[PDB]
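As structure tokens, the structure follows; a few thoughts come after it.
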Amino acid sequence: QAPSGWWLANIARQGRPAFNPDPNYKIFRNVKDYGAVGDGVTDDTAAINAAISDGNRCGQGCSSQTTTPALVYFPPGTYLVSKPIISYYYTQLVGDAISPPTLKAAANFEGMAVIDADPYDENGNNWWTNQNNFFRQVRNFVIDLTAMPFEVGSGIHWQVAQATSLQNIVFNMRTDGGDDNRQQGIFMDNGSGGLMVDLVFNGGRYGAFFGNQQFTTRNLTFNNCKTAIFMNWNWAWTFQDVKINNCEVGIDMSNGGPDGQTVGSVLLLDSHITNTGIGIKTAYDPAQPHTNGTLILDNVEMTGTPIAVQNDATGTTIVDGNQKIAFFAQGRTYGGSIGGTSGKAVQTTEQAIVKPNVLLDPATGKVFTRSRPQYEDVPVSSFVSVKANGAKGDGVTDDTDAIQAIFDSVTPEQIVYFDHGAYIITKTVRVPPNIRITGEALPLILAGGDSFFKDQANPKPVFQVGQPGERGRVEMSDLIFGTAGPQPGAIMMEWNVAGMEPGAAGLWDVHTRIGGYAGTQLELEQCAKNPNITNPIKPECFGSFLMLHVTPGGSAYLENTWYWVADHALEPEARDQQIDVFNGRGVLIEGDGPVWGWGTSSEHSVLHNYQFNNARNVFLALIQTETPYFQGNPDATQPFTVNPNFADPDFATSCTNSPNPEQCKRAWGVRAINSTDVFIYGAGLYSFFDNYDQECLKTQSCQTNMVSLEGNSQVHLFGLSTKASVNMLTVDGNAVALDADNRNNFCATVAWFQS
Ligand SMILES: *[C@@H]1O[C@H](CO)[C@@H](O[C@@H]2O[C@H](CO)[C@@H](O)[C@H](O)[C@H]2NC(C)=O)[C@H](O)[C@H]1NC(C)=O
Ligand SMILES: *[C@@H]1O[C@H](CO)[C@@H](O[C@@H]2O[C@H](CO)[C@@H](O)[C@H](O)[C@H]2NC(C)=O)[C@H](O)[C@H]1NC(C)=O
Ligand SMILES: OC[C@H]1O[C@@H](O)[C@H](O)[C@@H](O)[C@@H]1O
Ligand code: NA
């Protein structure tokens, strides 16, 4: 087939990783330039894998790396492959967005999967630790297994961590063979997601075989699968806008049986299960001693599906189908008339969860969603390259004025294009309220300098997105924000603009990465941990002040946004060793929004990872946090001074009369102050250490408190999972839900809290 004319195939290639010392390293690889024919009859396996591996990238024997990104582009066509496509560390596999190409498995295909994102060597060891397998894309493909035997075949071995996405993929599999069909679209053994959007699964034994700590996956369609979704294990998983059609089972979450359930929790929102034998198979019963198998249904239709929820241990129909299920919860609930202050295990349908109309799509009544923009219809001439217009991107030159002038000059029908590189910013960049910005394979934008961002007593925004009260369209995609050296006064992004319509103001595949990699000066040599000594809290190891601030009047749509403070060093020489980086605050949301956050994560800040202050109209699904591993050496009262202009938590005061004072002074997972109409559909809020020691895991007591609701907040929490916090949820200083009352298979889990 002809070239599509998609801008990405043609835009001038001027990108280069600033901290790769090879001046000839090529970020962009078109597989046909490596000899792929794309006719569906020539074997293209070698050419595709060569396009990925070229340039001494992070493969076997490489723990991780950030200086060898690649964007591997597949023009329209059909690519016959007979061995796995091995996606090296930090690879974007980008099929043509206008006419997604087919990856066609040969009849005699051999290997784990058509795409393997984490191979196993002959010793059974992964190339990369699954929890460290960050910063990936696979987008715009048809994966066709129908020439393979019905007894074998997997589309993608998707064993990955955060800042990863599958987007716009069709999986075509065989429908014959009965119980002997074993094809599956995704095979996932473990990991720590992550986002998936806009997937279609046709046929196979399993649309997806899933196992992961946590994931957010929305707009998935399953047609004619035996089981659409086999949930092998998890701690939490949020599905939204799932369409299951003519399957035997929709979601199987009964693995392990009633005395060994390995699925922690599942949430299913805004979905439809059609012409399916059993909608959801579960082993949960409210008389069980634990919370494993927690399930939330919210706005799920069950057309032509006679059994909506079945207990497959007893064979008993829990919920009848052929109706709309407004709300269903099984697991433990707190608050309101049902659970109260002590909590109660339930398995019941109940009243609809009414959500503010400003959060909803008016055409569907579902919570509003929008996938990462690829600008299919924008001609290449509308793209304004920052490097063509005076920015150097070399990680040393001050690019502030050039970037500001570009932002001031572009008109709304253009798109600012960040060529790959590292762009040093030394004072506030004012982003206008009508702009579109997209990056070449996660370019770095780094707050640098030696004064402007140095003062935690006088913090300053790095990117100031709109001025207060402005409204328009601001879209950013495929970027990383960080610091060049310590910048403890940097507010990485201050979000003032509001979208003219839902989704018109937002971030997609935009991450904040504080420390840990080449260019930050915050790596193993500077910031290695030392748990045996009282932490000196080196000034050279500070991060930023606050990674994201949605101010009053601001409104944003966030999807696949990882707000990460480095727990360990990422270049291969560091061998994943752990470091101390002191970053004050994660995500702070204020005002009436709305704010949507799909597949966001915020990890390892000192004071809090998410905080809402005087906020309304917040929808997050699902969220994930971690406490920094060095606490409590130092504890959360250091090294950031309490600043009431940000409603900072004051642990010295809040922990004074704590009955668990030894670990009270620890970062909040979620803190809500005077905030209402906040909805959280799925949360994994984890505390894994005390001064790098994990003894506290044995007694689920690495910290005292994890979620705080304060000042008459009204927050709706669904599928709240926490790890090793004595109190899961505290209201006005009073512990409400305790870990010991809600034990799951690893975390503790509350199905439903409403205030
Ligand atoms: C869910 O994702 C699918 C897969 O990307 C979307 O279907 C595509 O929609 C575009 C635009 O309408 C078409 O050009 C493609 O041909 C579609 N592909 C397939 C395989 O159907 C779908 O629009 C998404 N649904 C929602 C509600 O966002
Ligand atoms: C919830 O998960 C826990 C953890 O896996 C289950 O407890 C384990 O059950 C297996 C049997 O399948 C035992 O071999 C382990 O020793 C148990 N571990 C612990 C720490 O108790 C528990 O049975 C599950 N609960 C439900 C109701 O399914
Ligand atoms: O292995 C280290 C990784 O462990 C995971 O649990 C965390 O989510 C990551 O932030 C971290 O870098
Ligand atoms: Na860890």
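Identifiers for the structure tokens are assigned positionally: chains receive A, B, ... in sequence, residues are indexed from 1 per chain, and ligands are indexed from 1 in the order shown.
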
**Near-ligand residues for ligand 1, threshold 9 Å, only C-alpha atoms and all ligand atoms, as a list in words** =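 Every residue with an atom at most 9 Å from ligand 1 is listed here: residues 98, 99, 100, 140, 142, 167, 168, 169, 170, 197, 198, 199, 200, 218, 219, 220, 221, 241, 364, 369, 370 and 371 of chain A.
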
**Request:** Could you pull out the residues sitting within 7 Å of ligand 2, using only C-alpha atoms and all ligand atoms, and write them as a ChimeraX atom specification?
**Result:** /A:256-262,288-292,744-746

**Request:** Tell me which protein, DNA and RNA residues are within 6 Å of residue 160 of chain A, counting only C-alpha atoms, leaving out same-chain ones fewer than 4 positions away, and put them as a list in words.
**Result:**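 My list of contacting residues is residues 130, 133 and 191 of chain A.
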
**Message:** Taking only C-alpha atoms and all ligand atoms into account, which residues have an atom no farther than 8 Å from ligand 3? I'd like them as a PyMOL selection string.
**Reply:** chain A and resi 129+131-132+161-162+192+564-568+576+603-604+625-626

Residues from the last selection, C-alpha atoms, saved as a compact mmCIF listing (two decimals), in the first residue's frame:
```txt
# COMPACT_ATOMS: atom_id res chain seq x y z
CA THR A 129 12.82 -6.61 36.02
CA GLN A 131 8.62 -3.52 37.85
CA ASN A 132 11.32 -1.46 36.09
CA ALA A 161 5.58 -1.04 34.35
CA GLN A 162 4.52 2.64 34.42
CA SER A 192 2.97 -2.61 37.39
CA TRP A 564 7.84 9.92 39.68
CA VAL A 565 10.54 10.86 42.15
CA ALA A 566 13.46 8.51 41.60
CA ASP A 567 13.82 5.66 44.06
CA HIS A 568 16.69 4.20 42.01
CA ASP A 576 19.14 -0.42 39.59
CA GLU A 603 5.34 8.23 43.73
CA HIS A 604 7.98 9.01 46.37
CA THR A 625 1.29 5.89 44.97
CA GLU A 626 4.37 4.88 46.95
```

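The nearest approach to ligand 4 among the residues A:394, A:377, A:248, A:693, with only C-alpha atoms and all ligand atoms taken into account, belongs to A:693.
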
**From A:313, A:642, A:297, A:8, residue lying nearest residue 255 of chain A [only C-alpha atoms]** =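 Using only C-alpha atoms, residue 255 of chain A sits closest to A:313.
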
**Request:** Tell me which of A:250, A:356, A:38, A:628 sits closest to ligand 4, counting only C-alpha atoms and all ligand atoms.
**Result:** A:628

**Request:** Tell me which protein, DNA and RNA residues are within 7 Å of residue 422 of chain A, counting only C-alpha atoms, leaving out same-chain ones fewer than 5 positions away, and put them as an NGL selection string.
**Result:** :A and (18 or 393-395 or 443-446)

**Message:** DSSP on the backbone: which residues in segment 499-709 of chain A end up as alpha helix (DSSP H)? Give the answer as a PyMOL selection string.
**Reply:** chain A and resi 524-527+651-654+695-698

Residues from the last selection, C-alpha atoms, saved as a compact mmCIF listing (two decimals), in the first residue's frame:
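Output file out-v2.txt follows:
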```txt
# COMPACT_ATOMS: atom_id res chain seq x y z
CA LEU A 524 24.12 6.93 42.02
CA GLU A 525 27.37 8.89 42.44
CA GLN A 526 25.60 11.87 43.99
CA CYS A 527 22.68 10.37 45.88
CA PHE A 651 3.16 16.10 60.49
CA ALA A 652 4.81 17.56 63.60
CA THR A 653 1.32 18.66 64.68
CA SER A 654 -0.87 15.99 63.08
CA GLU A 695 10.39 -5.84 58.35
CA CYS A 696 7.33 -3.60 58.66
CA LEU A 697 5.69 -5.46 55.75
CA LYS A 698 5.35 -8.54 57.97
```

**Prompt:** Restricting the calculation to only C-alpha atoms and all ligand atoms, which member of A:718, A:629, A:752, A:187 is positioned closest to ligand 4?
**Reply:** A:629

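Counting only C-alpha atoms and all ligand atoms and comparing A:694, A:657, A:212, A:67, the residue that lies closest to ligand 4 is A:694.
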
**Prompt:** What does the distance between atom CA of residue 722 of chain A and atom CA of residue 748 of chain A come to in Å, to one decimal place?
**Reply:**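 About the pair atom CA of residue 722 of chain A and atom CA of residue 748 of chain A: they are 5.5 Å apart.
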
**Request:** Give the answer as one residue: which of A:595, A:41, A:85, A:403 has the shortest atom-to-atom distance to residue 424 of chain A, using only C-alpha atoms?
**Result:**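 That would be A:403, the residue with the smallest distance to residue 424 of chain A.
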
**Prompt:** Which residues come within 9 Å of residue 634 of chain A, counting only C-alpha atoms, excluding same-chain residues fewer than 2 positions away, as a list in words?
**Reply:** residues 534, 535, 536, 537, 630, 631, 632, 636, 637, 638, 639 and 691 of chain A

Could you dump the residues just selected with N, CA and C atoms as a compact mmCIF listing (two decimals), in the first residue's frame?
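Once everything was written out, this is again_15.txt:
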```txt
# COMPACT_ATOMS: atom_id res chain seq x y z
N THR A 534 22.32 8.49 60.05
CA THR A 534 21.31 9.54 60.01
C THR A 534 21.47 10.32 58.72
N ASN A 535 20.41 10.36 57.93
CA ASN A 535 20.49 10.95 56.60
C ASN A 535 20.99 12.39 56.69
N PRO A 536 22.08 12.74 56.02
CA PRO A 536 22.52 14.13 56.01
C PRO A 536 21.63 15.04 55.19
N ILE A 537 20.70 14.47 54.41
CA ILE A 537 19.80 15.22 53.53
C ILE A 537 20.61 16.17 52.65
N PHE A 630 13.26 6.06 51.73
CA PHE A 630 14.15 6.48 52.81
C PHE A 630 13.41 6.82 54.09
N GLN A 631 12.14 7.22 54.02
CA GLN A 631 11.42 7.55 55.26
C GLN A 631 11.35 6.30 56.16
N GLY A 632 11.54 6.45 57.47
CA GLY A 632 11.65 7.74 58.13
C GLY A 632 13.05 8.21 58.48
N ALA A 636 8.85 12.55 57.32
CA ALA A 636 8.19 13.48 56.41
C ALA A 636 8.25 14.93 56.86
N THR A 637 8.66 15.24 58.10
CA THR A 637 8.76 16.65 58.46
C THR A 637 9.97 17.34 57.85
N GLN A 638 10.87 16.58 57.23
CA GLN A 638 12.05 17.14 56.57
C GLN A 638 12.15 16.58 55.14
N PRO A 639 12.77 17.33 54.22
CA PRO A 639 13.42 18.63 54.37
C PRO A 639 12.61 19.80 53.83
N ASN A 691 13.06 3.24 56.22
CA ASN A 691 14.50 3.42 56.07
C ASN A 691 15.12 2.22 55.37
```

**Item:** Expected answer as a PyMOL selection string: strand (DSSP E or B) residues in segment 148-262 of chain A
**Value:** chain A and resi 154-157+164-172+184-187+195-202+206-223+227-245+249-252

**Fill in**
atom CA of residue 127 of chain A sits from atom CA of residue 159 of chain A at a separation of 10.8 Å

For residue 571 of chain A, please output as a short mmCIF file (atom, residue, chain, number, x, y, z; two decimals) with N, CA, C and O atoms, in the first residue's frame all residues within 6 Å (counting only C-alpha atoms; exclusion window: fewer than 3 positions along the same chain).
```cif
data_model
loop_
_atom_site.label_atom_id
_atom_site.label_comp_id
_atom_site.auth_asym_id
_atom_site.auth_seq_id
_atom_site.Cartn_x
_atom_site.Cartn_y
_atom_site.Cartn_z
N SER A 64 18.40 -1.19 32.54
CA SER A 64 17.54 -0.09 32.10
C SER A 64 18.46 0.98 31.52
O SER A 64 19.69 0.93 31.67
N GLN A 65 17.85 1.95 30.83
CA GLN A 65 18.60 3.02 30.18
C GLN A 65 17.61 4.08 29.72
O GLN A 65 16.50 3.74 29.33
N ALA A 574 24.38 1.76 36.74
CA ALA A 574 23.95 1.84 38.12
C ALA A 574 23.33 0.55 38.62
O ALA A 574 23.19 0.37 39.83
#
```

**Request:** Might you pull out every residue within 10 Å of residue 186 of chain A, with only C-alpha atoms counted and same-chain residues fewer than 4 positions away left off, and present them as a list in words?
**Result:**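 Residues meeting the cut-off are residues 113, 114, 115, 153, 154, 155, 156, 157, 158, 159, 171, 201, 206, 207, 208, 209, 210 and 229 of chain A.
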
**Request:** Tell me, in Å to one decimal, how far atom CA of residue 350 of chain A is from atom CA of residue 316 of chain A.
**Result:**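 Separation of atom CA of residue 350 of chain A and atom CA of residue 316 of chain A: 19.4 Å.
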